[PDB]
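Take a look at the structure below.
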Amino acid sequence: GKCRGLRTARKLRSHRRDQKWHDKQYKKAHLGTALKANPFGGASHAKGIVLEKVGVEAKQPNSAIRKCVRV
Amino acid sequence: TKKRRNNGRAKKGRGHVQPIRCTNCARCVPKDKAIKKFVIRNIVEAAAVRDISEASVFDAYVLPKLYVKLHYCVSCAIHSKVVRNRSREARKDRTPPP
Amino acid sequence: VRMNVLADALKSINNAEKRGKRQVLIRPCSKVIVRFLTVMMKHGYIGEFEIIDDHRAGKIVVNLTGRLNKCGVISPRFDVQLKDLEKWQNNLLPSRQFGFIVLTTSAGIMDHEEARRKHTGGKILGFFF
Amino acid sequence: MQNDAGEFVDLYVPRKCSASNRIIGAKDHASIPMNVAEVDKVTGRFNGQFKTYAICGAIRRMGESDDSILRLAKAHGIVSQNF
Amino acid sequence: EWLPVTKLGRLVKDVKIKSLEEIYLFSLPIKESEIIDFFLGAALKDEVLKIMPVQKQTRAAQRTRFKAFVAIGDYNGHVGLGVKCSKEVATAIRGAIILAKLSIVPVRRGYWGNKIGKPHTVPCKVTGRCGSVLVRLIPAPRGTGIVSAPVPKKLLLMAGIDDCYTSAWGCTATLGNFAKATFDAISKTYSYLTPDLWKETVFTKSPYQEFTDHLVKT
Amino acid sequence: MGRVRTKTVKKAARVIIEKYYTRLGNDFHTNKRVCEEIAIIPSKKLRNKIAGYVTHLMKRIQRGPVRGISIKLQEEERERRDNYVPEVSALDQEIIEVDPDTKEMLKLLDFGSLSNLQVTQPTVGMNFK
Amino acid sequence: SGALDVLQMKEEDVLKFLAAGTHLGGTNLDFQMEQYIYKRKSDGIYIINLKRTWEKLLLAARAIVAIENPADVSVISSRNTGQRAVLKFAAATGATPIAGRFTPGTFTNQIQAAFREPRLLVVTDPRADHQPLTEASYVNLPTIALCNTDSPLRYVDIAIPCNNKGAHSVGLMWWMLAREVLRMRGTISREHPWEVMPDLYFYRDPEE
Amino acid sequence: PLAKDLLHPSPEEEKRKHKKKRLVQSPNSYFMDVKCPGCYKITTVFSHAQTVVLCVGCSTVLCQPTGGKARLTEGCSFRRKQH
Amino acid sequence: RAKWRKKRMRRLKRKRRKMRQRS
RNA sequence: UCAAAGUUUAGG
RNA sequence: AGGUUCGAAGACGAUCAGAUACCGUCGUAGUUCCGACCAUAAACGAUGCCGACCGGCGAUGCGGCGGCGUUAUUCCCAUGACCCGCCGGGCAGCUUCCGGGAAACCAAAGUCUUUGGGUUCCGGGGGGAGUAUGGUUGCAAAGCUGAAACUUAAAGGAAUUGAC
Ligand SMILES: [Mg+2]
Ligand SMILES: [Mg+2]
Ligand SMILES: [Mg+2]
Ligand SMILES: [Mg+2]
Ligand SMILES: [Mg+2]
Ligand SMILES: [Mg+2]
């Protein structure tokens with residue numbers, strides 16, 4: 001079971017520390033990784049110039065063209 | 001799901017057993033596993049027994065018997081119908097048939 | 001190993017009460033055990049017990065009366081600061097009406113209510129109701 | 001049950017097993033209240049008044065009811081010193 | 001018209017037992033649904049919590065039949081939680097109501113701290129669980145309301161529990177199991193053996209004894 | 001290779017015989033006509049069939065009792081033959097046999113009546129594994 | 001029971017018990033029944049404290065007597081020893097018998113033809129008469145039962161330690177239970193003997 | 001079951017326990033005052049001897065110490081009575 | 001099959017070790 | 001007292 | 001060092017549309033012994049280790065204790081082999097409304113919302129992936145440690161009715 005005792009604090013708090021990385025949402029937000037992969041460099045929106053109107057094709061159970069813009 | 005408390009393999013307190021080559025498929029099997037008929041059997045059988053009793057020299061005479069321990073593996077045991085399958089309840093009856 | 005004695009004693013009497021016993025024999029014994037059990041007696045949860053001296057640790061036999069729901073123990077023996085005792089009794093007893101939190105103190109072993117009266121924090125031990 | 005005024009409340013007050021102080025529930029349908037008749041002393045012969053004992057549904061199914069009943073009798077002087 | 005085919009029912013019809021509190025006391029099972037409706041005439045209201053449609057597979061397509069979780073309660077000390085499955089939903093609901101009626105139970109209620117007025121919240125922190133879904137009720141102070149999920153809130157209201165803090169864990173989403181858990185919690189509210197009890201019991205006759213001369217009907 | 005009687009025959013036959021045991025007999029055509037009068041059997045074929053089984057139970061009855069039927073005279077005969085009382089067996093003459101383990105039994109309850117004491121049997125080894 | 005003066009042992013009763021052999025129990029002792037035993041003999045047969053038997057037998061009576069209308073003491077045998085005895089007991093006592101093939105749910109189903117809601121059951125052999133015993137836990141039905149060494153004491157509120165195997169002892173026990181429910185209350189002396197023979201209650205294995 | 005006087009257990013069910021599991025942990029063993037036939041000196045042997053006990057005159061051997069209680073040499077009587 | 005996908009992967013790793021040892 | 005028997009609209 | 005048997009590779013014979021496979025005939029490494037590596041398996045009870053308590057029943061293996069009768073050996077002794085007990089701790093079993101559990105099941109997987117005996121390891125939708133990358137170990141084969149982008153609404157367990 002758990003470490004539980006009274007001068008454990010370190011083991012307890014450090015074990016939590018090591019595990020927090022196994023969380024998915026947290027590793028996203030703490031390894032820089034995703035901010036690097038964001039085109040919107042950690043941003044709510046981004047201005048960008050259109051350079052071709054591209055029809056996207058929808059995923060199977062729906063059939064439809066989705067008219068996107070290459071920015 | 002775990003089909004049997006046993007695991008069809010009466011082991012328990014060992015963690016290794018010597019194998020057995022099956023007396024049919026030649027398959028390898030744990031000894032603690034594997035269906036095992038012991039077959040004592042009159043050599044001559046019902047048909048000729050009286051024919052040989054007639055035409056034996058030795059007066060009266062008790063014949064012999066043929067003694068064989070088989071070692072059927074699971075696959076083969078079921079095929080030859082040494083052992084049928086059973087309902088989940090009837091699986092837990094380790095008395096033999098008569 | 002046999003690490004904390006109190007914690008197995010109370011567990012022994014809680015197991016007994018659960019199966020509907022009349023008396024129950026708790027094996028290694030202590031001051032603390034006898035002080036905890038007496039507190040449980042003063043509020044009528046367990047009946048009058050006795051403490052068999054072998055010339056060693058000792059044993060204790062305790063007569064129950066089916067009033068004792070759960071009698072537990074808090075390891076570690078955290079150090080409750082009287083301010084904090086309200087929180088404990090919220091998240092440890094079943095109601096603001098019965099149940100006790102026995103915490104050892106300068107002043108001695110007792111339930112929380114005596115400790116609040118005597119205005120004396122001290123380390124937690126367990127609880128019963 | 002009483003409120004702070006001393007006025008009783010709570011729509012009833014449950015029975016409670018004679019052999020475990022264990023409150024016999026609203027819907028414990030394996031319970032028993034068992035009337036056991038007394039006698040006059042000089043003649044035997046059922047004498048009006050009873051001795052009653054409730055038992056929880058748990059104890060019965062545990063298989064411990066008859067020992068517990070037998071113990072309750074011999075406290076109350078129905079039964080007479082089995083030894 | 002009611003022709004009671006039980007012993008208990010016959011007594012109730014003859015105004016012999018004055019309250020269903022007497023029936024509860026001796027754990028005599030209520031079998032006939034007329035007894036309960038008689039004793040709780042009005043106040044008793046039936047709220048269809050959910051209609052889950054089940055089904056099962058035939059060689060010939062599939063059989064589909066419905067399942068009506070009814071609760072029932074006086075908003076004043078008694079609640080039931082009947083379930084019934086039928087080929088057509090109205091029949092499931094009519095049967096569900098009757099099954100709730102057969103398993104209404106006397107909810108204890110308690111005070112919070114200061115013990116004044118009439119009991120309003122729950123006694124001790126009772127819990128009740130069923131098939132993963134655990135429901136924990138917690139006694140709460142006046143005017144809080146029922147801090148709870150929809151299903152329990154509707155059943156707890158029916159019990160007549162003005163104030164309650166609640167927790168749950170498990171697949172609460174299984175409405176039936178979540179109602180059945182909350183039911184087991186408020187079932188237990190009486191069977192918690194507080195000091196408030198403890199007093200050695202009296203023991204009385206039980207209607208089957210008292211009116212055995214009436215039941216040998218003359 | 002076929003003709004079993006249905007339940008709709010068997011029942012009618014059974015119920016007929018309960019009531020009109022006396023009228024009915026061994027010959028078929030006799031009771032075939034009895035079946036007509038006492039019972040409103042619709043089809044002639046059904047009648048003919050009920051009667052046919054009715055003979056067959058009559059034959060069975062004339063040779064001990066049948067399980068699924070109540071003939072009034074047989075029940076009265078059963079009542080006379082299960083309220084028998086001989087000169088009594090639970091006294092078991094004078095001299096009842098007893099063991100030393102069942103002697104001492106009596107010494108605990110204070111007795112010394114006419115009962116012969118005898119054992120030898122050394123613990124054999126009960127059943128076989 | 002109160003084996004205090006009037007309803008004490010007497011020689012003539014013990015001698016009947018010994019003849020039937022209700023003391024001579026079985027080989028398999030269940031840990032509930034240990035309570036009601038003197039010893040185990042040679043071979044392996046336990047012996048049943050006949051005082052202890054009496055006391056329990058008397059208790060059962062005081063329970064059956066407290067039942068204020070005798071007809072709502074149900075009495076049951078599934079086995080072919082008690083079927084006659086329970087029938088004669090019910091005649092003697094004024095009870096209702098359920099001799100043979102107890103229909104599952106006579107104590108449940110409002111609906112049923114053979115619906116009954118008694119205040120007490122009196123079992124023969126709780127090992128065999130097990131369906132009614134369990135139904136006695138859906139209804140709030142206390143129980144008497146003639147238990148052997150083996151007989152496990154599930155649900156039985158007041159066990160009578162006997163030789164429920166042998167038909168004699170079975171009969172004898174029923175006849176004894178009848179005497180004392182009759183004697184306590186009814187139209188029997190105790191000083192005088194009883195007109196009814198115990199041979200009445202015994203099962204007749206096809207003989208004539 | 002459901003009720004056992006743990007403080008007043010009967011001696012028929014204390015001797016049938018383990019030497020440690022009794023209410024007060026006792027021993028199962030004893031000293032014996034061994035006589036022997038020739039040499040009149042009465043030795044004082046312990047039931048579980050483990051040593052091979054030679055006499056005080058040192059002529060004979062008293063006990064061949066087995067696993068259990070020691071094996072006394074044929075004509076060698078003895079008395080418990082103590083403590 | 002899992003076992004064979006491991007063999008696949010261990011052979012392909014072996015090919016990658018071999019490519020990179022050319023530099 | 002064990003031959004061979006692979007496949008199955010995108011078009012709801 | 002050795003090489004009977006079997007037998008990856010390989011070679012033929014069959015079977016098949018095909019069979020580089022299953023069946024048959026050969027047959028290398030290996031299969032064995034000695035001396036060095038390797039360090040992984042469904043290395044499984046898929047169940048960490050110590051400690052406590054909480055129901056029955058029969059069995060079995062070791063040690064001890066007690067007991068009337070057997071076999072005997074020779075005339076008792078000592079026996080040893082049976083017999084019926086109890087104790088301690090073993091491998092397991094059946095049994096139950098112990099109590100758990102999503103359950104199947106488990107006297108443990110119980111004594112958990114009435115949550116705290118101690119302490120280790122360890123998981124956090126499914127894939128990518130035990131991949132890449134470094135570091136390290138190995139003669140090697142490999143092992144240990146071990147990401148990410150990108151992808152995706154499920155994948156998964158137990159159990160029910162069907163169909164096959
Ligand atoms: Mg292995
Ligand atoms: Mg080949
Ligand atoms: Mg591994
Ligand atoms: Mg686990
Ligand atoms: Mg926890
Ligand atoms: Mg993941």
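If you're wondering about the labels, chains in the structure tokens are A, B, ... by order shown, residues count from 1 in each chain, ligands from 1 in order shown.
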
Note to self: Just want the residues within 10 Å of ligand 6, written as a PyMOL selection string, counting only C-alpha atoms (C1' of nucleotides) and all ligand atoms.
What the structure shows: (chain A and resi 22-24) or (chain K and resi 123-127)

Prev. selection, N, CA, C and O atoms (P, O5', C5', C4', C3', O3' and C1' of nucleotides), output as a PDB file, in the first residue's frame:
```
ATOM      1  N   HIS A  22       2.807  11.001 -15.751  1.00  0.00           N
ATOM      2  CA  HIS A  22       1.939  10.005 -16.383  1.00  0.00           C
ATOM      3  C   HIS A  22       0.533  10.514 -16.717  1.00  0.00           C
ATOM      4  O   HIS A  22      -0.179   9.864 -17.483  1.00  0.00           O
ATOM      5  N   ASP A  23       0.122  11.645 -16.140  1.00  0.00           N
ATOM      6  CA  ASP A  23      -1.097  12.320 -16.576  1.00  0.00           C
ATOM      7  C   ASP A  23      -0.854  12.930 -17.953  1.00  0.00           C
ATOM      8  O   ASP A  23       0.235  13.418 -18.246  1.00  0.00           O
ATOM      9  N   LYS A  24      -1.889  12.896 -18.782  1.00  0.00           N
ATOM     10  CA  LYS A  24      -1.801  13.278 -20.188  1.00  0.00           C
ATOM     11  C   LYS A  24      -1.912  14.780 -20.352  1.00  0.00           C
ATOM     12  O   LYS A  24      -1.142  15.388 -21.093  1.00  0.00           O
TER      13      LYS A  24
ATOM     14  P     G K 123       4.301   2.779 -13.691  1.00  0.00           P
ATOM     15  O5'   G K 123       2.765   2.667 -14.103  1.00  0.00           O
ATOM     16  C5'   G K 123       2.210   1.446 -14.648  1.00  0.00           C
ATOM     17  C4'   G K 123       0.708   1.547 -14.777  1.00  0.00           C
ATOM     18  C3'   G K 123       0.180   2.908 -15.199  1.00  0.00           C
ATOM     19  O3'   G K 123       0.212   3.004 -16.618  1.00  0.00           O
ATOM     20  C1'   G K 123      -1.008   2.170 -13.299  1.00  0.00           C
ATOM     21  P     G K 124       0.562   4.392 -17.329  1.00  0.00           P
ATOM     22  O5'   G K 124      -0.730   5.269 -17.039  1.00  0.00           O
ATOM     23  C5'   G K 124      -1.973   4.891 -17.644  1.00  0.00           C
ATOM     24  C4'   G K 124      -3.114   5.627 -16.995  1.00  0.00           C
ATOM     25  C3'   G K 124      -3.216   7.109 -17.350  1.00  0.00           C
ATOM     26  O3'   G K 124      -4.315   7.349 -18.223  1.00  0.00           O
ATOM     27  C1'   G K 124      -3.651   6.681 -15.030  1.00  0.00           C
ATOM     28  P     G K 125      -4.078   7.643 -19.790  1.00  0.00           P
ATOM     29  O5'   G K 125      -5.205   6.759 -20.486  1.00  0.00           O
ATOM     30  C5'   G K 125      -6.539   6.772 -19.955  1.00  0.00           C
ATOM     31  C4'   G K 125      -7.457   5.881 -20.750  1.00  0.00           C
ATOM     32  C3'   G K 125      -6.867   5.151 -21.946  1.00  0.00           C
ATOM     33  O3'   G K 125      -6.202   3.966 -21.551  1.00  0.00           O
ATOM     34  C1'   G K 125      -8.803   6.253 -22.641  1.00  0.00           C
ATOM     35  P     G K 126      -4.868   3.536 -22.290  1.00  0.00           P
ATOM     36  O5'   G K 126      -5.372   3.224 -23.764  1.00  0.00           O
ATOM     37  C5'   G K 126      -6.250   2.113 -23.993  1.00  0.00           C
ATOM     38  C4'   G K 126      -6.656   2.058 -25.442  1.00  0.00           C
ATOM     39  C3'   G K 126      -5.534   1.788 -26.427  1.00  0.00           C
ATOM     40  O3'   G K 126      -5.336   0.386 -26.505  1.00  0.00           O
ATOM     41  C1'   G K 126      -6.890   3.566 -27.205  1.00  0.00           C
ATOM     42  P     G K 127      -3.891  -0.185 -26.814  1.00  0.00           P
ATOM     43  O5'   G K 127      -3.608   0.373 -28.276  1.00  0.00           O
ATOM     44  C5'   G K 127      -2.415   1.108 -28.585  1.00  0.00           C
ATOM     45  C4'   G K 127      -2.545   1.660 -29.976  1.00  0.00           C
ATOM     46  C3'   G K 127      -1.260   2.045 -30.684  1.00  0.00           C
ATOM     47  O3'   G K 127      -0.647   0.939 -31.336  1.00  0.00           O
ATOM     48  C1'   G K 127      -2.782   3.823 -30.840  1.00  0.00           C
TER      49        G K 127
END
```

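For stretch 109-186 of chain G, backbone-based DSSP labels the following residues as strand (DSSP E): residues 120, 121, 122, 123, 143, 144, 145, 146, 147, 158, 159, 160 and 161 of chain G.
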
Within 12 Å of ligand 4, counting only C-alpha atoms (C1' of nucleotides) and all ligand atoms, which protein or nucleic acid residues do you find, written as a PDB file with N, CA, C and O atoms (P, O5', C5', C4', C3', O3' and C1' of nucleotides), in the first residue's frame?
```pdb
ATOM      1  N   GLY A   1       0.788  -1.266   0.000  1.00  0.00           N
ATOM      2  CA  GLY A   1       0.000   0.000   0.000  1.00  0.00           C
ATOM      3  C   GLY A   1       0.807   1.296   0.000  1.00  0.00           C
ATOM      4  O   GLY A   1       1.843   1.410  -0.670  1.00  0.00           O
TER       5      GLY A   1
ATOM      6  P     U K  47       0.844 -13.299 -10.419  1.00  0.00           P
ATOM      7  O5'   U K  47      -0.062 -12.709  -9.249  1.00  0.00           O
ATOM      8  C5'   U K  47      -0.136 -11.293  -9.025  1.00  0.00           C
ATOM      9  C4'   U K  47      -0.956 -10.973  -7.794  1.00  0.00           C
ATOM     10  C3'   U K  47      -0.458 -11.556  -6.469  1.00  0.00           C
ATOM     11  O3'   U K  47      -0.745 -10.687  -5.372  1.00  0.00           O
ATOM     12  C1'   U K  47      -2.674 -12.189  -6.787  1.00  0.00           C
ATOM     13  P     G K  48      -0.006  -9.273  -5.200  1.00  0.00           P
ATOM     14  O5'   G K  48       1.526  -9.636  -5.422  1.00  0.00           O
ATOM     15  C5'   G K  48       2.196 -10.510  -4.502  1.00  0.00           C
ATOM     16  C4'   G K  48       3.506  -9.906  -4.065  1.00  0.00           C
ATOM     17  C3'   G K  48       3.906 -10.183  -2.629  1.00  0.00           C
ATOM     18  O3'   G K  48       4.423 -11.505  -2.545  1.00  0.00           O
ATOM     19  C1'   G K  48       4.323  -7.911  -3.149  1.00  0.00           C
ATOM     20  P     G K 100     -20.118  -6.418   2.928  1.00  0.00           P
ATOM     21  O5'   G K 100     -18.642  -6.359   2.333  1.00  0.00           O
ATOM     22  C5'   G K 100     -18.408  -5.899   0.997  1.00  0.00           C
ATOM     23  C4'   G K 100     -17.119  -6.460   0.447  1.00  0.00           C
ATOM     24  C3'   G K 100     -16.994  -6.336  -1.061  1.00  0.00           C
ATOM     25  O3'   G K 100     -16.560  -5.019  -1.362  1.00  0.00           O
ATOM     26  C1'   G K 100     -16.457  -8.542  -0.406  1.00  0.00           C
ATOM     27  P     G K 101     -17.572  -4.005  -2.058  1.00  0.00           P
ATOM     28  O5'   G K 101     -17.571  -4.518  -3.564  1.00  0.00           O
ATOM     29  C5'   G K 101     -16.364  -4.407  -4.333  1.00  0.00           C
ATOM     30  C4'   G K 101     -16.112  -5.632  -5.183  1.00  0.00           C
ATOM     31  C3'   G K 101     -16.998  -5.842  -6.394  1.00  0.00           C
ATOM     32  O3'   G K 101     -16.790  -4.861  -7.400  1.00  0.00           O
ATOM     33  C1'   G K 101     -16.679  -7.905  -5.346  1.00  0.00           C
ATOM     34  P     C K 106     -13.128 -19.439  -6.340  1.00  0.00           P
ATOM     35  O5'   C K 106     -12.553 -18.438  -5.244  1.00  0.00           O
ATOM     36  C5'   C K 106     -11.330 -17.726  -5.493  1.00  0.00           C
ATOM     37  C4'   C K 106     -11.074 -16.671  -4.443  1.00  0.00           C
ATOM     38  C3'   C K 106     -11.253 -17.079  -2.986  1.00  0.00           C
ATOM     39  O3'   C K 106     -10.113 -17.752  -2.459  1.00  0.00           O
ATOM     40  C1'   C K 106     -12.291 -14.996  -3.357  1.00  0.00           C
ATOM     41  P     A K 108      -7.863 -18.061   3.239  1.00  0.00           P
ATOM     42  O5'   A K 108      -7.547 -16.559   2.810  1.00  0.00           O
ATOM     43  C5'   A K 108      -6.698 -16.259   1.681  1.00  0.00           C
ATOM     44  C4'   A K 108      -7.471 -15.514   0.611  1.00  0.00           C
ATOM     45  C3'   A K 108      -7.074 -14.048   0.418  1.00  0.00           C
ATOM     46  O3'   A K 108      -7.006 -13.626  -0.945  1.00  0.00           O
ATOM     47  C1'   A K 108      -9.371 -14.188   0.961  1.00  0.00           C
ATOM     48  P     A K 109      -5.838 -12.620  -1.442  1.00  0.00           P
ATOM     49  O5'   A K 109      -6.646 -11.476  -2.197  1.00  0.00           O
ATOM     50  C5'   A K 109      -6.844 -10.178  -1.613  1.00  0.00           C
ATOM     51  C4'   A K 109      -8.188  -9.620  -2.015  1.00  0.00           C
ATOM     52  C3'   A K 109      -9.382 -10.108  -1.200  1.00  0.00           C
ATOM     53  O3'   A K 109     -10.337  -9.058  -1.192  1.00  0.00           O
ATOM     54  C1'   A K 109      -9.645 -10.818  -3.412  1.00  0.00           C
ATOM     55  P     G K 110     -10.228  -7.886  -0.111  1.00  0.00           P
ATOM     56  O5'   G K 110     -11.160  -8.426   1.055  1.00  0.00           O
ATOM     57  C5'   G K 110     -12.536  -8.707   0.777  1.00  0.00           C
ATOM     58  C4'   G K 110     -13.302  -8.923   2.057  1.00  0.00           C
ATOM     59  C3'   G K 110     -12.971  -7.989   3.213  1.00  0.00           C
ATOM     60  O3'   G K 110     -13.825  -6.852   3.141  1.00  0.00           O
ATOM     61  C1'   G K 110     -12.830 -10.233   3.937  1.00  0.00           C
TER      62        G K 110
END
```

Check: Near chain D, which residues of chain F fall within 12 Å when you count only C-alpha atoms, and what do they look like as JSON, numbers by chain?
Finding: {"F": [105, 108, 109]}

Go ahead and save the residues from that selection, with N, CA, C and O atoms, as a PDB file, in the first residue's frame.
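Contents of selection01.pdb, freshly written:
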```pdb
ATOM      1  N   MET F 105     -24.108 -41.732  31.533  1.00  0.00           N
ATOM      2  CA  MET F 105     -25.240 -40.880  31.142  1.00  0.00           C
ATOM      3  C   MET F 105     -26.343 -40.853  32.199  1.00  0.00           C
ATOM      4  O   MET F 105     -26.827 -39.787  32.586  1.00  0.00           O
ATOM      5  N   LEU F 108     -25.242 -39.526  35.714  1.00  0.00           N
ATOM      6  CA  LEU F 108     -25.265 -38.058  35.728  1.00  0.00           C
ATOM      7  C   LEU F 108     -26.671 -37.529  36.014  1.00  0.00           C
ATOM      8  O   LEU F 108     -26.831 -36.467  36.619  1.00  0.00           O
ATOM      9  N   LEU F 109     -27.675 -38.282  35.569  1.00  0.00           N
ATOM     10  CA  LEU F 109     -29.085 -37.969  35.796  1.00  0.00           C
ATOM     11  C   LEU F 109     -29.682 -38.742  36.994  1.00  0.00           C
ATOM     12  O   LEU F 109     -30.888 -38.662  37.242  1.00  0.00           O
TER      13      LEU F 109
END
```

Check: Which residues, written as a list in words, have at least one atom at most 8 Å from residue E:126, with only C-alpha atoms (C1' of nucleotides) counted and residues fewer than 6 positions away on the same chain left out?
Finding: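 Everything that qualifies: residues 94 of chain C; 136, 137, 138, 185, 186, 188, 189 and 192 of chain E.
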
Margin query: Could you list the protein, DNA and RNA residues that have any atom within 8 Å of ligand 3, counting only C-alpha atoms (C1' of nucleotides) and all ligand atoms, and write them as a ChimeraX atom specification?
Written below: /K:40-41,43

Any chance you could export the current selection's N, CA, C and O atoms (P, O5', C5', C4', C3', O3' and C1' of nucleotides) as a PDB file, in the first residue's frame?
```pdb
ATOM      1  P     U K  40      16.190  -9.657 -17.324  1.00  0.00           P
ATOM      2  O5'   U K  40      14.799  -9.850 -18.068  1.00  0.00           O
ATOM      3  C5'   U K  40      14.722  -9.603 -19.474  1.00  0.00           C
ATOM      4  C4'   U K  40      14.477 -10.881 -20.237  1.00  0.00           C
ATOM      5  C3'   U K  40      13.095 -11.499 -20.118  1.00  0.00           C
ATOM      6  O3'   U K  40      12.178 -10.804 -20.956  1.00  0.00           O
ATOM      7  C1'   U K  40      14.835 -13.147 -20.367  1.00  0.00           C
ATOM      8  P     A K  41      10.620 -10.785 -20.611  1.00  0.00           P
ATOM      9  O5'   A K  41      10.185 -12.300 -20.860  1.00  0.00           O
ATOM     10  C5'   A K  41       9.597 -13.099 -19.811  1.00  0.00           C
ATOM     11  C4'   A K  41       8.857 -14.281 -20.389  1.00  0.00           C
ATOM     12  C3'   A K  41       7.872 -14.960 -19.442  1.00  0.00           C
ATOM     13  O3'   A K  41       6.570 -14.397 -19.522  1.00  0.00           O
ATOM     14  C1'   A K  41       9.312 -16.590 -20.373  1.00  0.00           C
ATOM     15  P     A K  43       4.933 -18.784 -17.353  1.00  0.00           P
ATOM     16  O5'   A K  43       6.341 -18.048 -17.361  1.00  0.00           O
ATOM     17  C5'   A K  43       6.568 -16.887 -16.552  1.00  0.00           C
ATOM     18  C4'   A K  43       7.575 -17.218 -15.489  1.00  0.00           C
ATOM     19  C3'   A K  43       7.580 -16.296 -14.280  1.00  0.00           C
ATOM     20  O3'   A K  43       6.604 -16.803 -13.387  1.00  0.00           O
ATOM     21  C1'   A K  43       9.790 -16.674 -15.027  1.00  0.00           C
TER      22        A K  43
END
```

Margin query: I'd like the contact shell of stretch 106-110 of chain C - 7 Å cut-off, only C-alpha atoms (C1' of nucleotides), skipping same-chain residues fewer than 3 positions apart - returned as a ChimeraX atom specification.
Written below: /C:35,39,102-103,114-115,122

Export of the given selection (N, CA and C atoms) as a PDB file, in the first residue's frame:
```pdb
ATOM      1  N   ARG C  35      -6.289   2.426  28.782  1.00  0.00           N
ATOM      2  CA  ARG C  35      -6.789   3.794  28.832  1.00  0.00           C
ATOM      3  C   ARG C  35      -7.802   4.102  27.736  1.00  0.00           C
ATOM      4  N   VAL C  39     -12.041   4.703  28.413  1.00  0.00           N
ATOM      5  CA  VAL C  39     -12.756   5.837  27.807  1.00  0.00           C
ATOM      6  C   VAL C  39     -14.036   5.340  27.131  1.00  0.00           C
ATOM      7  N   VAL C 102     -10.655  10.124  20.457  1.00  0.00           N
ATOM      8  CA  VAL C 102      -9.838  10.023  21.658  1.00  0.00           C
ATOM      9  C   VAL C 102      -8.434  10.425  21.246  1.00  0.00           C
ATOM     10  N   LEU C 103      -7.951  11.505  21.851  1.00  0.00           N
ATOM     11  CA  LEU C 103      -6.620  12.022  21.591  1.00  0.00           C
ATOM     12  C   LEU C 103      -5.859  12.177  22.904  1.00  0.00           C
ATOM     13  N   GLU C 114     -13.635  16.206  26.411  1.00  0.00           N
ATOM     14  CA  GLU C 114     -12.878  16.472  27.629  1.00  0.00           C
ATOM     15  C   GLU C 114     -11.665  17.343  27.336  1.00  0.00           C
ATOM     16  N   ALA C 115     -11.024  17.100  26.196  1.00  0.00           N
ATOM     17  CA  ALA C 115      -9.882  17.898  25.750  1.00  0.00           C
ATOM     18  C   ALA C 115     -10.256  19.346  25.450  1.00  0.00           C
ATOM     19  N   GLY C 122      -3.321  17.929  21.624  1.00  0.00           N
ATOM     20  CA  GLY C 122      -2.460  16.773  21.807  1.00  0.00           C
ATOM     21  C   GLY C 122      -2.709  15.801  20.684  1.00  0.00           C
TER      22      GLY C 122
END
```

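For ligand 2, the set of protein, DNA and RNA residues within 10 Å, based on only C-alpha atoms (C1' of nucleotides) and all ligand atoms, reads residues 7, 21, 22, 23, 24, 25 and 26 of chain K.
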
Margin query: For ligand 5, return the neighbouring residues as a VMD selection string (distance at most 12 Å; only C-alpha atoms (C1' of nucleotides) and all ligand atoms).
Written below: (chain A and resid 1 to 2 4) or (chain K and resid 112 to 113 115 to 116)
